[PDB]
file my_file-v3.cif (mmCIF, C-alpha atoms and all ligand atoms)
data_input
loop_
_atom_site.label_atom_id
_atom_site.label_comp_id
_atom_site.auth_asym_id
_atom_site.auth_seq_id
_atom_site.Cartn_x
_atom_site.Cartn_y
_atom_site.Cartn_z
CA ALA A 1 -19.66 12.89 -3.38
CA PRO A 2 -18.26 10.06 -1.27
CA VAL A 3 -20.93 8.47 0.96
CA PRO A 4 -20.45 5.71 3.53
CA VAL A 5 -21.07 2.02 2.87
CA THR A 6 -23.64 0.69 5.34
CA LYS A 7 -23.31 -3.00 4.34
CA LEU A 8 -20.96 -4.93 2.05
CA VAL A 9 -21.82 -8.30 0.47
CA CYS A 10 -20.19 -10.41 -2.22
CA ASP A 11 -21.60 -13.17 -4.43
CA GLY A 12 -19.78 -16.21 -5.83
CA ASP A 13 -22.53 -16.86 -8.42
CA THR A 14 -22.41 -13.38 -10.02
CA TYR A 15 -18.75 -12.65 -9.08
CA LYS A 16 -19.77 -9.20 -7.81
CA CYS A 17 -19.61 -7.32 -4.55
CA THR A 18 -22.43 -4.92 -3.66
CA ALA A 19 -22.04 -1.98 -1.26
CA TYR A 20 -25.22 -0.45 0.17
CA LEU A 21 -24.78 3.33 0.43
CA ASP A 22 -26.03 6.00 2.84
CA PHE A 23 -27.65 8.47 0.41
CA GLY A 24 -31.08 9.78 -0.55
CA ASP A 25 -33.90 7.21 -0.19
CA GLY A 26 -31.42 4.51 1.00
CA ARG A 27 -31.72 2.39 -2.21
CA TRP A 28 -28.43 3.34 -3.93
CA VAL A 29 -25.69 0.72 -4.29
CA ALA A 30 -22.18 0.48 -5.63
CA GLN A 31 -21.32 -2.80 -7.38
CA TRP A 32 -18.15 -4.18 -8.96
CA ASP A 33 -16.72 -7.36 -10.44
CA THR A 34 -14.55 -9.55 -8.23
CA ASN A 35 -12.82 -12.88 -8.11
CA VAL A 36 -14.26 -15.31 -5.51
CA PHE A 37 -12.39 -18.42 -4.32
CA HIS A 38 -11.83 -20.79 -1.43
CA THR A 39 -8.60 -20.34 0.56
CA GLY A 40 -6.45 -23.11 2.01
CA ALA B 1 0.88 -7.06 3.00
CA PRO B 2 -2.82 -6.85 3.80
CA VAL B 3 -3.78 -4.03 6.21
CA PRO B 4 -7.15 -3.17 7.77
CA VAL B 5 -9.70 -0.84 6.20
CA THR B 6 -10.89 1.84 8.67
CA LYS B 7 -13.70 3.29 6.50
CA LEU B 8 -15.23 2.51 3.10
CA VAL B 9 -16.98 5.12 0.92
CA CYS B 10 -18.27 5.16 -2.65
CA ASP B 11 -19.07 8.12 -4.95
CA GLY B 12 -21.73 8.19 -7.68
CA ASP B 13 -20.08 11.19 -9.40
CA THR B 14 -16.57 9.68 -9.74
CA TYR B 15 -17.78 6.03 -9.87
CA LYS B 16 -15.06 5.04 -7.37
CA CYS B 17 -15.04 3.36 -4.00
CA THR B 18 -12.27 4.37 -1.60
CA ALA B 19 -11.03 2.35 1.39
CA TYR B 20 -9.09 4.29 4.03
CA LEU B 21 -6.28 2.05 5.33
CA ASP B 22 -4.75 1.57 8.79
CA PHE B 23 -1.04 1.83 7.89
CA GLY B 24 1.93 4.17 8.21
CA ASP B 25 1.02 7.86 8.57
CA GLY B 26 -2.72 6.97 8.18
CA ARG B 27 -3.07 8.67 4.76
CA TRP B 28 -3.02 5.60 2.45
CA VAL B 29 -6.12 4.52 0.52
CA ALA B 30 -7.15 1.73 -1.80
CA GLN B 31 -9.52 2.73 -4.59
CA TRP B 32 -11.33 1.10 -7.49
CA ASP B 33 -13.83 1.73 -10.26
CA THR B 34 -17.41 0.77 -9.52
CA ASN B 35 -20.90 0.95 -10.93
CA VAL B 36 -23.33 3.05 -8.84
CA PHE B 37 -27.09 2.91 -9.34
CA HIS B 38 -30.51 3.22 -7.75
CA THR B 39 -32.67 0.22 -6.92
CA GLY B 40 -36.34 -0.32 -6.03
CA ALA C 1 -26.19 -15.31 -3.77
CA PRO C 2 -24.92 -12.35 -1.77
CA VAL C 3 -23.19 -13.18 1.54
CA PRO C 4 -21.86 -10.81 4.20
CA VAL C 5 -18.28 -9.58 4.45
CA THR C 6 -16.75 -10.12 7.91
CA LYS C 7 -13.41 -8.34 7.32
CA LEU C 8 -11.95 -6.21 4.51
CA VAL C 9 -8.19 -5.77 3.97
CA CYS C 10 -6.14 -4.18 1.20
CA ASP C 11 -2.53 -4.66 0.17
CA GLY C 12 -0.21 -2.08 -1.44
CA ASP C 13 2.26 -4.79 -2.58
CA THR C 14 -0.32 -6.81 -4.58
CA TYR C 15 -2.69 -3.87 -5.32
CA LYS C 16 -5.68 -5.97 -4.24
CA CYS C 17 -8.38 -5.82 -1.62
CA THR C 18 -9.66 -9.05 -0.09
CA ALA C 19 -13.05 -9.50 1.60
CA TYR C 20 -13.50 -12.45 3.97
CA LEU C 21 -17.00 -13.91 3.52
CA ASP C 22 -19.53 -15.33 6.00
CA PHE C 23 -20.37 -18.53 4.07
CA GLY C 24 -19.76 -22.27 4.16
CA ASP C 25 -16.57 -23.29 6.01
CA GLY C 26 -15.61 -19.59 6.52
CA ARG C 27 -12.61 -19.77 4.11
CA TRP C 28 -14.09 -18.08 1.01
CA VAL C 29 -12.86 -14.64 -0.09
CA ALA C 30 -13.71 -12.08 -2.71
CA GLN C 31 -10.64 -10.36 -4.15
CA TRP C 32 -10.23 -7.57 -6.70
CA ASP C 33 -7.60 -5.28 -8.16
CA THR C 34 -7.28 -1.77 -6.75
CA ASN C 35 -5.15 1.33 -6.89
CA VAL C 36 -3.26 1.92 -3.59
CA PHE C 37 -1.70 5.33 -2.93
CA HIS C 38 -0.77 7.97 -0.39
CA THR C 39 -2.92 11.09 0.03
CA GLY C 40 -2.35 14.62 1.31
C1 LIG D 1 -21.85 -28.81 -3.26
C2 LIG D 1 -22.03 -27.31 -3.26
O1 LIG D 1 -23.11 -26.78 -3.02
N1 LIG D 1 -20.95 -26.61 -3.56
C3 LIG D 1 -21.00 -25.14 -3.61
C4 LIG D 1 -20.42 -24.66 -4.92
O2 LIG D 1 -21.26 -25.16 -5.95
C5 LIG D 1 -20.35 -23.14 -4.96
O3 LIG D 1 -19.59 -22.73 -6.11
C6 LIG D 1 -20.32 -22.11 -7.15
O4 LIG D 1 -21.02 -23.11 -7.86
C7 LIG D 1 -21.77 -22.63 -8.97
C8 LIG D 1 -22.43 -23.84 -9.64
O5 LIG D 1 -23.47 -24.21 -8.76
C9 LIG D 1 -20.85 -21.96 -9.97
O6 LIG D 1 -21.62 -21.38 -11.03
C10 LIG D 1 -20.02 -20.88 -9.33
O7 LIG D 1 -18.99 -20.42 -10.22
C11 LIG D 1 -19.32 -21.41 -8.06
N2 LIG D 1 -18.69 -20.30 -7.37
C12 LIG D 1 -17.45 -20.33 -6.86
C13 LIG D 1 -16.96 -19.03 -6.26
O8 LIG D 1 -16.74 -21.33 -6.87
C14 LIG D 1 -19.61 -22.70 -3.72
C15 LIG D 1 -19.49 -21.19 -3.68
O9 LIG D 1 -20.80 -20.63 -3.57
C16 LIG D 1 -20.93 -19.37 -4.22
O10 LIG D 1 -20.11 -18.40 -3.56
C17 LIG D 1 -20.46 -18.15 -2.19
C18 LIG D 1 -19.44 -17.20 -1.59
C19 LIG D 1 -21.88 -17.65 -2.11
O11 LIG D 1 -21.99 -16.37 -2.76
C20 LIG D 1 -22.82 -18.68 -2.72
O12 LIG D 1 -24.15 -18.16 -2.77
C21 LIG D 1 -22.38 -18.97 -4.13
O13 LIG D 1 -23.18 -19.99 -4.73
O14 LIG D 1 -20.28 -23.16 -2.54
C22 LIG D 1 -20.27 -24.60 -2.43
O15 LIG D 1 -21.04 -24.92 -1.30
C1 LIG D 2 -31.96 16.17 -8.58
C2 LIG D 2 -30.70 15.54 -8.09
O1 LIG D 2 -29.97 16.09 -7.27
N1 LIG D 2 -30.44 14.33 -8.56
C3 LIG D 2 -29.31 13.54 -8.13
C4 LIG D 2 -28.58 12.98 -9.33
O2 LIG D 2 -28.07 14.07 -10.11
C5 LIG D 2 -27.45 12.06 -8.86
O3 LIG D 2 -26.93 11.35 -10.00
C6 LIG D 2 -25.69 11.75 -10.54
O4 LIG D 2 -25.91 12.93 -11.32
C7 LIG D 2 -24.73 13.43 -11.95
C8 LIG D 2 -25.09 14.72 -12.69
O5 LIG D 2 -25.45 15.63 -11.66
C9 LIG D 2 -24.19 12.40 -12.93
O6 LIG D 2 -22.98 12.86 -13.55
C10 LIG D 2 -23.94 11.09 -12.21
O7 LIG D 2 -23.62 10.09 -13.19
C11 LIG D 2 -25.18 10.65 -11.44
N2 LIG D 2 -24.83 9.47 -10.64
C12 LIG D 2 -25.61 8.37 -10.55
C13 LIG D 2 -25.03 7.25 -9.73
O8 LIG D 2 -26.71 8.28 -11.07
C14 LIG D 2 -28.00 11.03 -7.90
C15 LIG D 2 -26.93 10.09 -7.38
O9 LIG D 2 -25.98 10.86 -6.65
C16 LIG D 2 -24.64 10.40 -6.81
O10 LIG D 2 -24.48 9.10 -6.24
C17 LIG D 2 -24.74 9.06 -4.84
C18 LIG D 2 -24.63 7.61 -4.42
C19 LIG D 2 -23.80 9.99 -4.08
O11 LIG D 2 -22.46 9.54 -4.25
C20 LIG D 2 -23.99 11.41 -4.66
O12 LIG D 2 -23.07 12.28 -4.01
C21 LIG D 2 -23.74 11.42 -6.14
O13 LIG D 2 -23.98 12.73 -6.68
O14 LIG D 2 -28.64 11.67 -6.81
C22 LIG D 2 -29.78 12.43 -7.22
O15 LIG D 2 -30.29 12.96 -6.03
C1 LIG D 3 10.79 2.79 3.58
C2 LIG D 3 9.54 1.97 3.38
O1 LIG D 3 9.38 0.93 3.97
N1 LIG D 3 8.62 2.45 2.53
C3 LIG D 3 7.36 1.80 2.26
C4 LIG D 3 7.15 1.63 0.76
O2 LIG D 3 8.17 0.77 0.26
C5 LIG D 3 5.77 1.01 0.50
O3 LIG D 3 5.47 1.03 -0.90
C6 LIG D 3 5.52 -0.22 -1.56
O4 LIG D 3 6.87 -0.55 -1.77
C7 LIG D 3 7.04 -1.77 -2.49
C8 LIG D 3 8.53 -2.15 -2.59
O5 LIG D 3 9.04 -2.20 -1.26
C9 LIG D 3 6.48 -1.59 -3.89
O6 LIG D 3 6.64 -2.79 -4.63
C10 LIG D 3 5.01 -1.23 -3.82
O7 LIG D 3 4.51 -0.96 -5.13
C11 LIG D 3 4.82 -0.03 -2.89
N2 LIG D 3 3.38 0.20 -2.72
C12 LIG D 3 2.81 1.40 -2.77
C13 LIG D 3 1.32 1.39 -2.60
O8 LIG D 3 3.44 2.44 -2.89
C14 LIG D 3 4.71 1.84 1.19
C15 LIG D 3 3.31 1.31 1.04
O9 LIG D 3 3.32 -0.02 1.62
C16 LIG D 3 2.47 -0.94 0.94
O10 LIG D 3 1.09 -0.52 1.03
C17 LIG D 3 0.58 -0.49 2.37
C18 LIG D 3 -0.83 0.07 2.24
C19 LIG D 3 0.68 -1.86 2.99
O11 LIG D 3 -0.17 -2.77 2.28
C20 LIG D 3 2.14 -2.33 2.98
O12 LIG D 3 2.22 -3.66 3.48
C21 LIG D 3 2.65 -2.31 1.56
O13 LIG D 3 4.04 -2.65 1.52
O14 LIG D 3 5.00 1.97 2.57
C22 LIG D 3 6.22 2.65 2.82
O15 LIG D 3 6.30 2.79 4.22
#

call {"tool": "encode", "arguments": {"input": "my_file-v3.cif", "output": "structure tokens"}}
result
Amino acid sequence: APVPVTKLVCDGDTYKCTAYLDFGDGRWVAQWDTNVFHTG
Amino acid sequence: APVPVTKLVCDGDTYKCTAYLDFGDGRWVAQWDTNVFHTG
Amino acid sequence: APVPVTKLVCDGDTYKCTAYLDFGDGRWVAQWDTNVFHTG
């Protein structure tokens, strides 16, 4: 079931974003690959 | 063009995150595959 | 290392979401491909 994201972070060493989820004991995350770059 | 996200959810059954968008009739979403897992 | 997201936007022309990061000079983003579609 869809559950809300309580905090979103991203990481330019791992090239992943991690979404902390509201569910159960509070220790579930969603995580996906991303590009990370400097604008301008 | 980039539009704001009003709410972000993720789902450990479908392995998707869904971003509700502020645009048009209010019923547009962005969605992507994700990993979902327990930590700790 | 993980850094906070300050703003999340998504774009139905590019089919990407972009996360502005709290890091460094403030001009780093994470960006990933997404589906974008109308619901209901
Ligand atoms: C002089 C200095 O410290 N420059 C920093 C860059 O080194 C750093 O870019 C990463 O550098 C490592 C090598 O140390 C590479 O393996 C990565 O591929 C580089 N990442 C990117 C996206 O270019 C940048 C960026 O820092 C990274 O991304 C941030 C958003 C954050 O997650 C940091 O923790 C992460 O290291 O920062 C310069 O200051
Ligand atoms: C006893 C009990 O209820 N255990 C729950 C797990 O079943 C559940 O893990 C999912 O289980 C289904 C089969 O029922 C699998 O098809 C999924 O692959 C499992 N998902 C994961 C990520 O392991 C877990 C996790 O719940 C899921 O993810 C949450 C973040 C949330 O989105 C839930 O709605 C979703 O079902 O929870 C245990 O309690
Ligand atoms: C009459 C009108 O303006 N209709 C709009 C649609 O054209 C638009 O759908 C995009 O249309 C372009 C060509 O104009 C296509 O290349 C895209 O593939 C279409 N995208 C999608 C997702 O269908 C829709 C949706 O607008 C897009 O997505 C929004 C979330 C936002 O990012 C917009 O800036 C973006 O154009 O909107 C209709 O109103």

call {"tool": "residues_near_ligand", "arguments": {"input": "my_file-v3.cif", "ligand": "ligand LIG 3 (chain D)", "cutoff": "12 Å", "atoms": "all atoms listed in the file", "output": "PyMOL selection string"}}
result
(chain B and resi 1-5+19-31) or (chain C and resi 9-18+34-39)

call {"tool": "atom_distance", "arguments": {"input": "my_file-v3.cif", "atom1": "atom CA of residue A:7", "atom2": "atom CA of residue C:7"}}
result
11.6 Å

call {"tool": "atom_distance", "arguments": {"input": "my_file-v3.cif", "atom1": "atom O12 of ligand LIG 2 (chain D)", "atom2": "atom CA of residue A:33"}}
result
21.6 Å

call {"tool": "axis_aligned_box", "arguments": {"input": "my_file-v3.cif", "around": "ligand LIG 2 (chain D)", "padding_each_side": "3 Å", "output": "JSON"}}
result
{"center_x": -27.2, "center_y": 11.7, "center_z": -8.8, "size_x": 15.5, "size_y": 14.9, "size_z": 15.5}

call {"tool": "atom_distance", "arguments": {"input": "my_file-v3.cif", "atom1": "atom CA of residue B:8", "atom2": "atom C18 of ligand LIG 2 (chain D)"}}
result
13.1 Å
